[PDB]
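Chemist: Once you've had a glance at the structure underneath, I'll fire off some questions.
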Amino acid sequence: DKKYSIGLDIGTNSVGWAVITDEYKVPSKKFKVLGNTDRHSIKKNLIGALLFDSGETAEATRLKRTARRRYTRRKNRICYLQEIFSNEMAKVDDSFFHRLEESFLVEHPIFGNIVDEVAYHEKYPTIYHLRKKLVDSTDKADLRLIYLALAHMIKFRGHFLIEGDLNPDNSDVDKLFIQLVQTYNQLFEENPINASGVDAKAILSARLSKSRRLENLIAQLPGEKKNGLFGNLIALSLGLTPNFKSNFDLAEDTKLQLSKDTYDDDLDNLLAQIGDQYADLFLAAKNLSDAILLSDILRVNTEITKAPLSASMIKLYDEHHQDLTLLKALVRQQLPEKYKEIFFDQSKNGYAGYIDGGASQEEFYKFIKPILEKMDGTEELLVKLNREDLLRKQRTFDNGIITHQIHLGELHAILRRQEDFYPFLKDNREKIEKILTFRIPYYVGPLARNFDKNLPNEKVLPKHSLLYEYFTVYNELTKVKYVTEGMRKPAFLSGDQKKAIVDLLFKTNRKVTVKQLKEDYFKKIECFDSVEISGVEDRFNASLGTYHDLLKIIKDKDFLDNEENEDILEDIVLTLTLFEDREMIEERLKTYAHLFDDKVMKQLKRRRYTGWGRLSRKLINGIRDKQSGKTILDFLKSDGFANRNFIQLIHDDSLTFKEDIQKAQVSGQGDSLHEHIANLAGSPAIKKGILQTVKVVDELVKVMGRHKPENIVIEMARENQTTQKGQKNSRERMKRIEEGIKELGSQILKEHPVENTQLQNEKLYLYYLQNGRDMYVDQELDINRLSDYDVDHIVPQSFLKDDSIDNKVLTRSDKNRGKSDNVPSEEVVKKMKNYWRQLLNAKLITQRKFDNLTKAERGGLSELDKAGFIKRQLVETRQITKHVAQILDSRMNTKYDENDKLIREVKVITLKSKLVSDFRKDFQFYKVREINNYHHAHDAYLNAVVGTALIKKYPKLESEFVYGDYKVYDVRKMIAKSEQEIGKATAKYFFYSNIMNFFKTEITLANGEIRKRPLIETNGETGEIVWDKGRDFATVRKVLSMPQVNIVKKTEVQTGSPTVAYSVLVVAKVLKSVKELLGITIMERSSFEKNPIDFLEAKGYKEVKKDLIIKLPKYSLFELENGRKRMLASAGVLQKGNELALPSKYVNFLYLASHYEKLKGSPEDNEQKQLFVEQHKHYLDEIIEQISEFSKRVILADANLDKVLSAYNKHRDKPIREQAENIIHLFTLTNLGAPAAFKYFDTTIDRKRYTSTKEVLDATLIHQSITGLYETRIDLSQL
């Protein structure tokens, strides 16, 4: 039994997965297959890929934001915080937490007496009045006030944080602005924004309108228009309502507004249209937005305090009141018609709409500015409106992290002082910190969970509740036994005997003795002379004491005994328990004045109760056993001869009571996976993919026999390069060139015109980007001789791998860069800097490129430069990937030590998808998407290899790419200050900052000098073998060439045109037998499943075997003869079911051939690969052979195969690159799924579709699990 790791490759249409074991191998396992076939076992490698469409299904609905889900899981956090306070709160005010809960259903009092309740609302009209008072508090503060402050934050927080989210050092307008442009530049490498010398803090946090601050900023970004994408983001974060339809050429108007209730959903619908690459862009806009709005706000306050947001909000409160007071007088007087429109009508923008009706600030100003301009005396009101300062409200801070940290600061201030008076607060600092800050996936160990023990979030009954005391008395009686004159054994009290006894004895005396039970009931009523009694001792312990209490006050025994007042009386005792003061009781009691005299109500209002019980009504009287329909109290009252009691009933498996209690302990023990994923920023596809990833990992752990993996290594699927977004890139390069040639005033586009699609050539682009000139030497280049010239890396590959235009120049010879191993030579910078500057200002190089060319002027590559290179390659910054990491980390690491620290047995590693992509290129494991779907699985395999190699080779780097709170090492203390300082395994890890250098056997320096590395890489300190260049590359080639890879096209049952939910197999009469395929529609579905046969009969079928009605969802998979597979699609059509595998030798060949000219890389190494393509021309035959063999066996499109085969022979002499590029088209004949037309050479090959679904009814149905590892096969031939 050995350790393993999982690699994951998460995409919007595909989850790829791979388990790897020691020495980076992929294990295999035999898997029992179920059903009616004579195949009972199958052997399977543990590597696969799940493929899924993204449409209207129930799983889609589950991943939508769901309010009742949020409510319930948030109630766990609220309730947990109450539990921590419950003990000390009991000493201050035992009814506090129950009082607040009753008032949750008023949509109001917080205190027991009228004095405190009035004094609380006079002093704390807002939560910020409270916070500020508490922070300023020198001595012990009232615990209710402390609780109320904390509870208000966690009640109204949109979403809590995960590890690595807090960043308090970079929470200011300027850095958040850079973050936005950096995130923007990641997505638009050709038209990046230079933000150098832009005072964004001053421009964006001014006393000017949003619209002016937009124009001011956009005016400082050369070439950027106000309604362009970057302007609209700035518009978004300033508080405006930009429209992104034109930036992305969208279908409809798609406008966005941060303050709206629907913004979160609105963003996901946009991402669903433009791609989840953009999500972090709109997240950067949100945090900037928050930093802007907090500066404007905090500016009003002038008092030095640990509650600066509170101090500001109090000020704005007072200013809001005066301004509203005047506006009301102005309107009442000058425009009384419009008063109710303005101040009461939430349906309209206007004050009412603005506050209680979700109209935004700008919508409100837009409505009210004309009203103000037409009135007298609105001069400064209008001034405030135009600097965005008029009647700001208080609720502008529930979401986002920049907000969260400001709140946490104030609350931590309160807790630090109040810890000195409430030891329990120091005792639970970390628990309370977790409640205030972070996601709580589970309430176990230190966070394990007044409230009803059985039902966690349900509150208890008052201990003097009449219903509670009935439960107490009946629970005791149901275990009394009696024995009479005519009996051999004792018997239980009857349903009627119990009621008889309660009516007769428990309602006439406070305590009931056993003598009374014997004499006053068993003698006098049942006429017995000898009676012995077990189950009770001197007297019963349970008393109906509140019945007797009220009997003296009401003096209407009929009223007490009447079952319909039971909840009236329950309400009365609740009220007499929650409050302690006659005026406040009598307020609440006044609704019952039609039921009692004033004589009685003066008496009732004086009858306070104190105390709370152990159980809640819902449990005792509320939940009902399914079959019997009876509550627990019902069973205590009568339960046949069984006479179960409370503790019996809870645990009896023959009653649903047990199961409902467990269903509630489960819901209250942690949060909701689907709610978590539902609230991420992303499309519904990215969310479906994350849910699949969680499913795949669960099944993989089941497969490895419940053993957890050592590491899980996650990457986000690298995206395919469509030719559509490929030509969008040409248009972008063209616009950057045109705009740059204009500002240079150079005639180069007229001397050499160029259509945009030619700019895809690296060298030609660089030639225009460089205005026709060498970049290291003052000279022109000849546009007709670019083949002779070099592409040089500004920062050498030894230090960072960056093959972008932003790290490349076009020289005559790379020797022109200078002779150093570092950035270009100081002699080159001098002769060329002024040219570079001109280019930089023309936006033909970037600020990063310029700084890098000139770096020799500043001492070359510093330690700091190198440490940031490390982080640049390691750290994956996408947000959603941090949440995938936590979700898996949450599920995997659940035990706690004897410290109350998390024991991390599974390390969840996150890698940039680039690392794997570079690895395939650096070591020739080339990817050719077109062949099959295996490359998803291959990526997950490679990702698991590269991730687990890194963590073993460079453990100290853990903190940068493993989820968790790890010891943060400074990367610069890991950087050797000379290369010879690294020949030994001292603590320094690198001199040449490409972290992937340890895989290479020889590294080439920028000048040409070559450093060798040992064939076997060991970790410095542990000595462990990490990578053996002699074995481990071969292992990888083996896994990739491996032909059987588990591919699963997720089947779907639809939910949103005659749309079918799923087909079904009917075997029946119409007499003689038919095997038919019938599609149930979404309307039909409800009916059909209710009564299958009656639905089926009314369709003309009869004498159907209902045990042979097989449900067949979309893409059900069938196997026929010779392993030919078919998938069942919609519209009575079948899809191709087989995946065609090719070994590495062929894949690499096809790749390097189709790239024979486009060959970026070393000039000698470029020929070594061209030689390989040449010397293996015979692979063209070998491939065509496999494609043909595959096609005749499973494709069955003999017509097109002949055309293809004929056309291949005729063109066998065209250059190799051409035949390969055209073989790569062929694979769409063999591709799994819907057949689709393609072109081979000149020839067009039209799709042969599969129009008869009859075929499958006698084939074998293959039902796959998510990994495809567990099959159950059903031979329909024998049906």
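By convention in this document, the chains of the structure tokens carry letters A, B, ... by their order, each chain's residues are numbered from 1, and ligands are numbered from 1 in the order they are shown.
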For residue 418 of chain A, work out the shell of residues within 12 Å, counting only C-alpha atoms and skipping chain neighbours fewer than 4 positions away, then give it as a ChimeraX atom specification.
Modeler: /A:134-143,145-147,411-414,422-426,429
Chemist: Just the selected residues (N, CA and C atoms), exported as a JSON list (two decimals), in the first residue's frame, please.
Modeler:
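That gives us again00.json:
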```json
[["chain", "number", "residue", "atom", "x", "y", "z"],
["A", 134, "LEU", "N", -17.76, 51.88, 22.18],
["A", 134, "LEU", "CA", -17.04, 50.73, 22.72],
["A", 134, "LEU", "C", -15.53, 50.89, 22.59],
["A", 135, "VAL", "N", -15.06, 51.37, 21.44],
["A", 135, "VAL", "CA", -13.62, 51.54, 21.23],
["A", 135, "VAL", "C", -13.06, 52.57, 22.20],
["A", 136, "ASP", "N", -13.83, 53.62, 22.47],
["A", 136, "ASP", "CA", -13.44, 54.66, 23.40],
["A", 136, "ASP", "C", -13.61, 54.26, 24.85],
["A", 137, "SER", "N", -14.10, 53.06, 25.12],
["A", 137, "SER", "CA", -14.50, 52.65, 26.46],
["A", 137, "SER", "C", -13.27, 52.32, 27.32],
["A", 138, "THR", "N", -13.14, 52.99, 28.47],
["A", 138, "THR", "CA", -11.97, 52.75, 29.30],
["A", 138, "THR", "C", -12.13, 51.50, 30.15],
["A", 139, "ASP", "N", -13.33, 51.29, 30.68],
["A", 139, "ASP", "CA", -13.59, 50.19, 31.59],
["A", 139, "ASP", "C", -14.52, 49.15, 30.96],
["A", 140, "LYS", "N", -14.93, 48.17, 31.78],
["A", 140, "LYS", "CA", -15.71, 47.04, 31.30],
["A", 140, "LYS", "C", -17.01, 47.52, 30.70],
["A", 141, "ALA", "N", -17.26, 47.10, 29.47],
["A", 141, "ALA", "CA", -18.44, 47.49, 28.72],
["A", 141, "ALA", "C", -19.48, 46.40, 28.86],
["A", 142, "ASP", "N", -20.75, 46.79, 28.75],
["A", 142, "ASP", "CA", -21.84, 45.82, 28.87],
["A", 142, "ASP", "C", -21.76, 44.77, 27.78],
["A", 143, "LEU", "N", -21.90, 43.49, 28.17],
["A", 143, "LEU", "CA", -21.59, 42.42, 27.22],
["A", 143, "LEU", "C", -22.56, 42.40, 26.05],
["A", 145, "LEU", "N", -23.71, 44.95, 24.52],
["A", 145, "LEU", "CA", -23.20, 45.91, 23.56],
["A", 145, "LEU", "C", -22.04, 45.33, 22.77],
["A", 146, "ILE", "N", -21.10, 44.66, 23.44],
["A", 146, "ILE", "CA", -20.03, 43.98, 22.71],
["A", 146, "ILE", "C", -20.61, 42.99, 21.71],
["A", 147, "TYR", "N", -21.54, 42.14, 22.17],
["A", 147, "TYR", "CA", -22.09, 41.15, 21.27],
["A", 147, "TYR", "C", -22.75, 41.82, 20.09],
["A", 411, "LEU", "N", -13.30, 46.40, 15.23],
["A", 411, "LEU", "CA", -13.77, 45.36, 16.14],
["A", 411, "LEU", "C", -12.62, 44.79, 16.96],
["A", 412, "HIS", "N", -11.45, 44.61, 16.34],
["A", 412, "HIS", "CA", -10.28, 44.15, 17.09],
["A", 412, "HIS", "C", -9.91, 45.13, 18.17],
["A", 413, "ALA", "N", -10.11, 46.42, 17.92],
["A", 413, "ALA", "CA", -9.85, 47.40, 18.95],
["A", 413, "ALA", "C", -10.76, 47.17, 20.15],
["A", 414, "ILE", "N", -12.04, 46.92, 19.89],
["A", 414, "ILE", "CA", -12.99, 46.67, 20.97],
["A", 414, "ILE", "C", -12.58, 45.43, 21.75],
["A", 422, "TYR", "N", -13.25, 40.50, 30.38],
["A", 422, "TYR", "CA", -14.00, 39.28, 30.07],
["A", 422, "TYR", "C", -12.98, 38.22, 29.69],
["A", 423, "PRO", "N", -12.46, 37.48, 30.67],
["A", 423, "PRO", "CA", -11.54, 36.39, 30.34],
["A", 423, "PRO", "C", -12.05, 35.48, 29.24],
["A", 424, "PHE", "N", -13.34, 35.16, 29.19],
["A", 424, "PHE", "CA", -13.82, 34.26, 28.13],
["A", 424, "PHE", "C", -13.51, 34.78, 26.73],
["A", 425, "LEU", "N", -13.30, 36.10, 26.57],
["A", 425, "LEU", "CA", -12.98, 36.66, 25.26],
["A", 425, "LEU", "C", -11.53, 36.38, 24.90],
["A", 426, "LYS", "N", -10.61, 36.59, 25.84],
["A", 426, "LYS", "CA", -9.25, 36.11, 25.65],
["A", 426, "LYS", "C", -9.26, 34.60, 25.42],
["A", 429, "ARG", "N", -10.23, 33.96, 21.72],
["A", 429, "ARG", "CA", -9.77, 34.92, 20.72],
["A", 429, "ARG", "C", -9.75, 34.32, 19.32]]
```
Chemist: Mind checking which residues fall within 8 Å of residue 407 of chain A, counting only C-alpha atoms, ignoring those fewer than 4 positions away in the same chain, and posting them as a ChimeraX atom specification?
Modeler: /A:153,309,403,411
Chemist: Out of A:219, A:716, A:1153, A:47, which residue has the shortest atom-to-atom distance to residue 12 of chain A when counting only C-alpha atoms?
Modeler: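 When distances to residue 12 of chain A are compared using only C-alpha atoms, the smallest one comes from A:716.
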Chemist: Tell me which protein, DNA and RNA residues are within 6 Å of segment 436-440 of chain A, counting only C-alpha atoms, leaving out same-chain ones fewer than 3 positions away, and put them as a ChimeraX atom specification.
Modeler: /A:160-162,433
Chemist: Please produce an output containing N, CA, C and O atoms for each residue in the selection, written as a short mmCIF file (atom, residue, chain, number, x, y, z; two decimals), in the first residue's frame.
Modeler:
```
data_model
loop_
_atom_site.label_atom_id
_atom_site.label_comp_id
_atom_site.auth_asym_id
_atom_site.auth_seq_id
_atom_site.Cartn_x
_atom_site.Cartn_y
_atom_site.Cartn_z
N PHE A 160 -17.24 35.85 3.60
CA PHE A 160 -16.04 35.82 4.41
C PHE A 160 -14.85 35.33 3.59
O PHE A 160 -14.99 34.86 2.45
N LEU A 161 -13.66 35.46 4.18
CA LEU A 161 -12.37 35.30 3.53
C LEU A 161 -11.83 33.86 3.66
O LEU A 161 -12.31 33.04 4.46
N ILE A 162 -10.80 33.57 2.87
CA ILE A 162 -10.05 32.33 2.96
C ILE A 162 -8.60 32.72 3.17
O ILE A 162 -8.27 33.91 3.21
N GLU A 433 -12.11 35.26 16.32
CA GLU A 433 -11.43 35.72 15.12
C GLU A 433 -11.87 34.94 13.89
O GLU A 433 -12.05 35.52 12.81
#
```
Chemist: Point out the residue among A:853, A:272, A:1120, A:696 with the least atom-to-atom distance to residue 9 of chain A, counting only C-alpha atoms.
Modeler: A:696
Chemist: Using backbone DSSP assignments, extract all strand (DSSP E or B) residues from segment 891-1042 of chain A; output them as a list in words.
Modeler: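 So the strand (DSSP E or B) residues in segment 891-1042 of chain A would be residues 896, 902, 907, 908, 909, 910, 962, 975, 990, 1002, 1003, 1004, 1010, 1011, 1012, 1016, 1017, 1018, 1025, 1026, 1027 and 1028 of chain A.
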Chemist: From the list A:796, A:228, A:1100, A:1161, which residue is nearest residue 1071 of chain A when using only C-alpha atoms?
Modeler: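 Distance minimum relative to residue 1071 of chain A lands on A:1100.
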Chemist: Tell me, as a list in words, which residues lie within 9 Å of residue 447 of chain A, counting only C-alpha atoms; anything in the same chain fewer than 6 positions away does not count.
Modeler: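 Answer for this query is residues 80, 431, 440 and 900 of chain A.
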